[PDB]
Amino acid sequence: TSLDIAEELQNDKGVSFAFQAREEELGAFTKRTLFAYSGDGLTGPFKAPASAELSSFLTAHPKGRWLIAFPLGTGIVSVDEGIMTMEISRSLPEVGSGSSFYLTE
């Protein structure tokens, strides 16, 4: 019943992230959740080509980007011409997992 996009992205240094983008209907409301996982660390922003389908999901957020909490820091995921950038609040020795959603009527 939920609709999911799932894919693994990699940057030019071989850091890998997996993302799941979920859409759910809750009567008059729709909820869209981005789930993100990496075992790697990041010094700086993660930049990688994303599918057209993930890019379209990412663009739909009312803020135009996805503020996301991980265990050791905060990210903001955006997309421009099919390239994801996730900026980070601090260097992350390990990213771990987190999720960011919105609901709209």
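Numbers for residues come from their place in the sequence shown, where the first is 1.
Visitor: Where do the C-alpha atoms have the higher mean temperature factor in this entry, in 44-52 or in 25-33?
Guide: For C-alpha atoms only, the mean B-factor is higher in 25-33.
Visitor: Hey, which bit's got the bigger mean C-alpha B factor in the entry, 95-103 or 1-9?
Guide: Mean B over CA atoms: larger for 1-9.
Visitor: By its CA B factor, does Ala60 count among the lowest, middle or highest third of the modelled residues in the chain?
Guide: Top third by C-alpha B-factor.
Visitor: In terms of the chain's CA B-factor thirds, is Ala18 lowest, middle or highest?
Guide: Ranked within chain, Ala18 CA B lands in the lowest tercile.
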